[PDB]
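Residue numbers (the authors' numbering): 3 to 919.
Each residue gets a CB set at the ideal place from its N, CA and C atoms; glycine is no exception.
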Ligand SMILES: CC[C@H](C)[C@H](N)C(=O)OP(=O)(O)OC[C@H]1O[C@@H](n2cnc3c(N)ncnc32)[C@H](O)[C@@H]1O
Ligand SMILES: [Zn+2]
């Protein structure tokens, strides 16, 4: 009957998050109130921070990977904002290319329709990108992220298309944009060249065959043998029609078997065990003496030159390599080395064309057949020359959006050259590969291992094929002079076109005549010029975002180079590399100072998610079930630099952490809710325990901050959680509960406790604000004391505070040392544990302790162990080397339940006083 005489100590801040209901209201408010613009306009901004957004493709709804990405960017940006900086973060969308165009192509199929008008086709692509840009923008905002989402950048904006073109212009004028004719990746499904970032290597089954090419009569006579046939190994019977040579290893021994097969001696043992060749060797020859002999192709009876390759391998195959210059890059260079024909009779759709008849390379029945469908019939046609057929599996390149296997076709395309010296901005001379490698060494990678991934790619990469044979993209908008057969790179022409794109967009390249695309100076010679109609690799679009966004807006959307970029691990093959290369051409450095890489969302078994496999976890369902602040906490509280597995068990762990933080903030708010805000002006006498908590708060705050500075949010959250769980809840709040609930509101020691709780909630708000922004906004909404103490209207006014200044602490105050008393506490609690299960007592408050160590502050002992008496009493309960435990020789107080009453059912002296107030 004393419960209503206690301090109420409640807050309107609720235990339950109600996140599905409350979070949309917060995020809608931030949109309506233009919170991001308010952040940028903050009057006392000091220093600048630029995160340059890498642009997601404007196709589809968001998945959990996009959420991971944008949430990490948001934590990084909000950290810098709350450190006091002016922030720049303009999100963007990647609107061109097959990620958009393939969806139009597939829908036209399903509807059984076609769209051949270029302007109308580009319009359907553009409308699709516009549609999903808005969908994605709103789904991003539902995660609580803040950026310039009402003014995002778009690669389909006319000014951006011009910026991309002007970047290409800079490459051309530095001498790095050149035509090459060679075999390259070819996607037959979309009738386009491809480069590396547009291929996905996947396991594929293939025929694997060993084929005898008999030496011609005159070559047998020169070699002085009766029978000899070189054996080749190939997995592509579809290229045998284009054979012109058989390449051997230089200065290497070739064995001739009794049945007359000629293979590398080093491989004969393996080949005979396979049954490709017979076991007996009759003669050995040096490949140097075999060069310029001639064999016969069993498929079509054509000559095949015996040639010497560069670096022919002896781990695979036979040591004799079927050479088809039209369908292999190294083959092509060998063919030119020996002035051989480049046979290439495979069209843009991957089908054999009339060249096989004109050149007598393959039977006419194959005309129009797809090369992969023809292979079975080709293999059957080989007859006795087929020595062995297997089926193998190997990693094979596939088109990134049609998912069909690619082939290689000799073709003329446009490239950025990697090993071509060009004039540096400082006047020196270096190749792009050299510049990029030097640039990488100036970039910080998080984790540092990511440097090695990008560096190895730059060390090994080939020339970058830029030209694509689709319509949705930025054209390589140069004219060829027919009088010279070379491109026109005159600045007046290039600037004229760039200005037209900036005002009208690239549709004009298809619509306008050559004369109408030329400056008036040139229009009389318009008859001599023809347009290049190829469009740029979409990876060149996105590689140019630093120029189009950071440079062309002169710092208004962030500096070049950016301070941070942050993307998934596939962007070393992608956007990190394209942006590095273009930045090194234009600026001779990377357009970013730091690269943070995150892993991929994968299922509970570590496997990739796909609608095909049935293992896709829905972002919308995840948000509905847990709320965005829980999804955000899951991101921050996990090892995001490696792949992240999604499962109910891991989200249940995160929910328990969120509940612990939330329940802690509720308790804090409840227990300084009644404090007279005049307290905030005056200093207080703090107890040793108070000081221990303030000093501990400062030590853990430094550790959290250092961890968050290194982007190790797990480490920082673990420090914060341990403080919340152990020192705060376990030690301080337990020890303070009596004063908080049972001491007078005027009690100066209670007021000091409340100031410690205020300072503690203040630091929790500051450190959690980048991660749980909605929840900290809610905390401030419900606590007038915090808003006054922090001079904060809302979460966007938070700053790191000096607890020392706010609480008026003395400069040279010597820290508490609690090692001895906390060791006594743990030892007492272990002994109390044992007495409880024996039934000897129920609670620490029933006990008296006499400590043999006279050196300890006895009131601190009583405070920390929550005994009701320090000293000697009558009934001995137990004894250790450090202390003796007795039953407290008092009654339980009916108001505070401490054993401090001299009379049964009578308020103790403290409570008596409080009740009389
Ligand atoms: C930087 C984007 C470039 C230019 C390109 N448009 C692109 O890849 O766009 P998108 O495919 O939509 O991806 C945009 C960003 O999401 C990241 N991402 C994609 N899938 C996943 C996934 N399962 N798990 C985690 N992250 C993912 C990707 O790593 C990039 O950080
Ligand atoms: Zn009492």
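query = What is the C-beta distance between residue 603 and residue 568, in whole angstroms, given that I count them as a contact (C-beta under 8 Å)?
reply = By 1-based counting over the chain shown, the position of residue 603 is 601. By 1-based counting over the chain shown, the position of residue 568 is 566. That belief does not hold up - the Cβ atoms of residue 603 and residue 568 are roughly 15 Å apart, past 8 Å.
request  = Just the C-alpha distance for residue 853 and residue 891, rounded to the nearest angstrom, thanks.
outcome  = Residue numbering aside, residue 853 sits at position 851 when the chain shown is read from its first letter. Residue numbering aside, residue 891 sits at position 889 when the chain shown is read from its first letter. Rounded to the nearest angstrom, the two C-alpha atoms are 17 Å apart.
key: Nonlocal neighbours in the same chain, by C-beta distance under 6 Å from residue 383, ignoring five residues either side   = Within the chain shown, the letter at position 381 stands for residue 383. There are no such residues.
task = Check the DSSP bridge columns for residue 140 and list the partner residues they point to.
result = By 1-based counting over the chain shown, the position of residue 140 is 138. None, per the DSSP bridge assignment.
request  = Compute the Euclidean distance between the alpha carbons of residue 439 and residue 450, then round it to the nearest angstrom.
outcome  = Along the chain shown, one-based indexing puts residue 439 at 437. Along the chain shown, one-based indexing puts residue 450 at 448. Near 16 Å, if we compare the C-alpha coordinates of residue 450 and residue 439.
ask   = When the distance is taken between beta carbons, is residue 33 closer than 8 Å to residue 143?
value = Locating residue 143 in the chain shown gives position 141, counting from the first residue. Locating residue 33 in the chain shown gives position 31, counting from the first residue. Result yes, Cβ atoms of residue 143 and residue 33 sit closer than 8 Å.
request  = With DSSP as the reference, label residue 369 as helix, strand or coil.
outcome  = Locating residue 369 in the chain shown gives position 367, where the first residue counts as 1. Three-state DSSP puts residue 369 in coil, outside helix and strand.
query = Is it the case that the CB of residue 909 approaches a heavy atom of ligand 2 more closely than 7 Å?
reply = Taking the first residue of the chain shown as 1, we reach residue 909 at position 907. Correct: residue 909 has its Cβ closer than 7 Å to ligand 2.
inquiry  = Is residue 738 close to ligand 2? I mean its beta-carbon at under 7 Å from any heavy atom of the ligand.
reply    = In the chain shown, residue 738 corresponds to position 736, counting from 1. False, no ligand heavy atom lies under 7 Å from that Cβ.
task = Could you check which residue in 684, 625, 641 and 730 has the C-alpha nearest to that of residue 663?
result = Indexing the chain shown from 1 puts residue 663 at position 661. Closest by alpha carbon: 730.
message = Along the chain, where does the beta strand (DSSP E) containing residue 400 start, and where does it finish?
response = Here residue 400 refers to the residue found at position 398 of the chain shown. 388–401 is the span of the beta strand (DSSP E), which, as asked, contains residue 400.
message = Tell me the residue span of the alpha helix (DSSP H) that contains residue 415.
response = Position 413 of the chain shown, counted from the first residue, corresponds to residue 415. It is not in any alpha helix (DSSP H) - residue 415 instead sits in the beta strand (DSSP E) that spans 409–418.
request  = Check whether the Cβ of residue 5 lies closer than 7 Å to any heavy atom of ligand 2, and answer yes or no.
outcome  = Taking the chain shown and counting its residues from 1, the one referred to as residue 5 is at position 3. No.
key: residue 162, DSSP secondary structure in three states   = Residue 162 sits at position 160 when you count from the first residue of the chain shown. Note: residue 162 maps to helix in three-state DSSP.
query = Heavy atom of ligand 2 less than 7 Å from the Cβ of residue 827, yes or no?
reply = Position 825 of the chain shown, counted from the start, is the residue given in the question as residue 827. Outside the cutoff, so no.
ask   = Helix or strand or just coil, what does DSSP make of residue 474?
value = Within the chain shown, numbered from 1, the residue matching residue 474 stands at position 472. Reduced to three states, the DSSP call for residue 474 is coil.
Residue list, Cβ distance to ligand 1 heavy atoms smaller than 6 Å = 56, 57, 58, 59, 67, 68, 70, 71, 96, 544, 569, 570, 572, 573, 576, 577, 602 and 603
message = Please identify the residue among 880, 820, 803 and 255 whose C-alpha is closest to the C-alpha of residue 838.
response = By 1-based counting over the chain shown, the position of residue 838 is 836. A check of alpha carbon separations from residue 838 across 880, 820, 803 and 255 identifies 880 as the nearest.
request  = Compute the distance between the beta-carbons of residue 197 and residue 508, then report whether it is under 8 Å.
outcome  = As a working note, residue 197 is residue 195 in the chain shown. As a working note, residue 508 is residue 506 in the chain shown. No; because the gap between Cβ atoms is not below 8 Å, this pair is not in contact.
query = Are the region 468–479 and the region 420–438 in contact at 8 Å, needing three or more beta carbon pairs?
reply = Contact fails: fewer than three Cβ-Cβ distances are below 8 Å.
Residue 868 in three-state terms, based on DSSP = Counting from 1 along the chain shown, the entry for residue 868 is found at position 866. Residue state, collapsed to three classes: coil.
request  = Ignore the nearest five residues each way along the sequence and tell me which others in residue 666's own chain have a CB closer than 6 Å to its CB.
outcome  = Reading the chain shown from its first residue, position 664 is the one you call residue 666. Once the five neighbours on either side are set aside, the close Cβ partners of residue 666 are 726.
task = Please report the residue range of the alpha helix (DSSP H) in which residue 239 lies.
result = Counted from its first residue, the chain shown places residue 239 at position 237. It is not in any alpha helix (DSSP H) - residue 239 carries neither H nor E in the DSSP assignment.
query = Is residue 918 near ligand 2, going by C-beta to nearest heavy atom under 7 Å?
reply = Along the chain shown, one-based indexing puts residue 918 at 916. Not so, every heavy atom of ligand 2 lies at least 7 Å from the Cβ.
task = Compare the Cα-Cα distances from residue 659 to each of 637, 63 and 678 and report the closest residue.
result = Mapped onto the chain shown, residue 659 falls at position 657. Looking at the Cα atoms, 637 is the closest of the given residues.
task = Classify residue 817 as buried or exposed, calling it buried when 16 or more other Cβ atoms lie within 10 Å of its own Cβ.
result = Counted from its first residue, the chain shown places residue 817 at position 815. With fewer than 16 other Cβ atoms within 10 Å, it is exposed.
request  = Specify the secondary structure class of residue 483 as computed by DSSP and reduced to three states.
outcome  = Translated into positions along the chain shown, residue 483 becomes position 481. Residue state, collapsed to three classes: strand.
ask   = Span of the alpha helix (DSSP H) holding residue 822?
value = As a position in the chain shown, residue 822 is number 820, starting the count at 1. Counting along the chain, the alpha helix (DSSP H) containing residue 822 begins and ends at 821–840.
ask   = Taking just the CA atoms, how far does residue 525 sit from residue 132?
value = As a first step, residue 132 is located in the chain shown; it is residue number 130 there, counting from the start. As a first step, residue 525 is located in the chain shown; it is residue number 523 there, counting from the start. So the two alpha carbons sit approximately 36 Å from each other.
ask   = Considering only the beta carbon of each residue, do residue 760 and residue 871 sit closer than 8 Å?
value = Numbered from its first residue, the chain shown carries residue 760 at position 758. Numbered from its first residue, the chain shown carries residue 871 at position 869. Contact flag unset, no.
query = Which full runs of the alpha helix (DSSP H) of 4+ residues lie inside the region 616–688, going along the chain?
reply = 621–628, 630–638 and 650–674
Euclidean distance between Cα positions of residue 211 and residue 464 = Your numbering for residue 211 matches position 209 in the chain shown. Your numbering for residue 464 matches position 462 in the chain shown. One C-alpha to the other measures close to 29 Å.
key: Rounded separation between residue 303 and residue 219 - CA only   = In the chain shown, residue 303 corresponds to position 301, counting from 1. In the chain shown, residue 219 corresponds to position 217, counting from 1. Cα to Cα, the separation comes out at about 13 Å.
request  = Consider the C-beta atom of residue 767 and the heavy atoms of ligand 2; say whether any pair is separated by less than 7 Å.
outcome  = Numbered from its first residue, the chain shown carries residue 767 at position 765. No, the beta carbon of residue 767 sits no closer than 7 Å to any heavy atom of ligand 2.
query = In the DSSP assignment, what are the bridge partners of residue 537?
reply = As a first step, residue 537 is located in the chain shown; it is residue number 535 there, counting from the start. 470 and 477.
key: Any beta strand (DSSP E) of 3 or more consecutive residues that is wholly inside the region 143–213   = 179–189
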